[PDB]
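Next up: a single chain in structure tokens, the form deposited in one PDB entry.
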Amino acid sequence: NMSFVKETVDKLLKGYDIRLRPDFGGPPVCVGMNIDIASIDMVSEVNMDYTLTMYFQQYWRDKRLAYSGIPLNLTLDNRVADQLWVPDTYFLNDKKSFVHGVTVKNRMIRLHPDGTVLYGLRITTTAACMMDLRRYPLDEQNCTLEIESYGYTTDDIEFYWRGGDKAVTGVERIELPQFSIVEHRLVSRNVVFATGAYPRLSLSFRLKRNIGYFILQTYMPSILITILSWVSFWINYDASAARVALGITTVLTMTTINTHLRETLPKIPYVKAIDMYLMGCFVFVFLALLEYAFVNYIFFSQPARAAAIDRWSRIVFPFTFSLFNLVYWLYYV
């Protein structure tokens, strides 16, 4: 019994040329791919990358491995992969990937009587996706994963998702501390280089940042300090010590928010939507302090004109700030 199983397998490997793809010098071979995502994490804006762990699986047919008389799907030891032909699939936008090797190399081979081979790995990949932080933290990223053959052109190998849009699973269970997965998409196409045309598959996620944290952490403190600055307009100008302290405190508090918040992100050149708000708010607190100095400078000569400025500041400043928020919030959202 088991001798017959051993005899059949040894026949297949004898006379097997690993250097030649199935149907070499003929019709192109077809490889179907399924991915079962296990975890996505370490989505870092500093390095513009994300870490992906998946059960990468490939599915092609080799007529040289067909056997008869054994009605079973043999699951050979993973070391037999070194003696067979496997596709040279590589990920274009990967930076550091490996195959886990505990307690052995995570890899399977499952021959089928018709010659079909099911080859699967377990890969942890640090893919790269550049991020556009212009609308940060209201942005919406789109990180992909380019799957492509390296040495074989479209005349030799053809890729396709196995199972249609159900090829990739496990997306729902993924939890990200800051992002939330909105939609994932599957793309099959060709890419043309100076050496020829190659098949390509593309798996892409669309990530939208959770704005709930920033609103209760940065946007709210900015508004309160700005509103806290207007209190001086209802204080008599004779109290220079009190009014100056209110203005200085608002400015210094605004500066600290700007400095502290700017130690968690890459050194992008453009003005993020968060930076516009902090700069926009910093002007109002600075102008309120600057307005008082003009009042304090002139009220000795003529209190009549200085006092009217305070009453007119109680309307211009609240009206100007609310208009700014209406422009800012509706410009992005």
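Definition used throughout: the rigid core is the maximal C-alpha set that superposes within 1.5 Å between two forms. Start at 1 with the first residue shown and count on from there.
One more form of this protein, deposited in another entry, exists but is not displayed; see below.
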Quick one: lay the two forms over each other on the core and tell me which of 83, 75, 236, 169 moves its CA by at least 2 angstroms between the shown form and the other one. 236
On a rigid core superposition, would residue 108 pass a 2 Å threshold for CA movement between the shown form and the other one? no
Look at residue 120 and decide if its Cα position differs by 2 Å or more between the shown form and the other one after superposing on the rigid core. no
Establish whether a shift of 2 Å or more occurs at the C-alpha of residue 225 between the shown form and the other one, with the two forms superposed on the rigid core. yes
